[PDB]
Amino acid sequence: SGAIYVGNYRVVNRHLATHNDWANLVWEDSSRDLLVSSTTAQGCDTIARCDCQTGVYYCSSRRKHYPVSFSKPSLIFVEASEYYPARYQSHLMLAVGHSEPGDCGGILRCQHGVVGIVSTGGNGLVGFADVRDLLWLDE
Ligand SMILES: COc1ccccc1S(=O)(=O)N1CCC[C@H](C(N)=O)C1
Ligand SMILES: [Zn+2]
């Protein structure tokens, strides 16, 4: 679990969005595993606007943060799960690291701010849904 709170927006994994997220929907993209809902309170986070390929992510299944080198956002094949059929997930960045299903929502950050959230895992890999291209989150 986990979310990004920026301005009057809440960013979560689309497969973990609640009834309340869907009732206050701003934007969603099944191919990216992202959903953004509106909030009444002002958020605690800042979004990175950069091309960093290193950062640190929070891993709930280890209660620890890990430093990672990750690929640029791209179209990557992801196997079928309880939440999605087998498909290509877009705007995904892979890194070598630990990730279990419940780790989705952990934040990846660089020195500039929030880069994205955990969205995929297994096999000693961790995949993050990028949010740096969503410029409207800042206004
Ligand atoms: C071992 O599998 C994981 C580990 C960490 C995280 C996720 C998995 S998952 O592949 O089960 N996963 C389930 C949730 C939706 C996700 C997606 N983005 O398509 C896929
Ligand atoms: Zn950066």
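Note that chain A carries Swiss-Prot numbering, so the residues on display, from first to last, are 869-1007.
The deposited model was determined using X-ray crystallography, 1.5 Å.
Each Cβ is built from the backbone N, Cα and C atoms, and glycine gets one as well.
Listed in Swiss-Prot:
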{"type": "ACT_SITE", "residues": "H883", "note": "active site, for protease 2A activity"}
{"type": "ACT_SITE", "residues": "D901", "note": "active site, for protease 2A activity"}
{"type": "BINDING", "residues": "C918, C920, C978, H980", "note": "Zn(2+) 1 binding site"}
{"type": "ACT_SITE", "residues": "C972", "note": "active site, for protease 2A activity"}
Pairwise Cα distance for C972 (active site, for protease 2A activity)/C918 (Zn(2+) 1 binding site) [Å, integer]: 23
Count of other CB atoms lying within 10 Å of the CB belonging to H980 (Zn(2+) 1 binding site): 15
Integer Å distance between the CA atoms belonging to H883 (active site, for protease 2A activity) and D901 (active site, for protease 2A activity): 7
Those recorded positions listed as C918, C972, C978, and which of them has the most Cβ atoms within 10 Å of its own Cβ: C972
Reduced DSSP assignment, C920 (Zn(2+) 1 binding site): coil
Additional residues surrounding Zn(2+) 1, by Cβ distance to the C918, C920, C978, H980 centre under 8 Å: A916, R917, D919, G923, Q979, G981, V983, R1000
Close in space, distant in sequence - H883 (active site, for protease 2A activity), Cβ under 8 Å, 6 or more apart: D901, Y951, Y952, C972
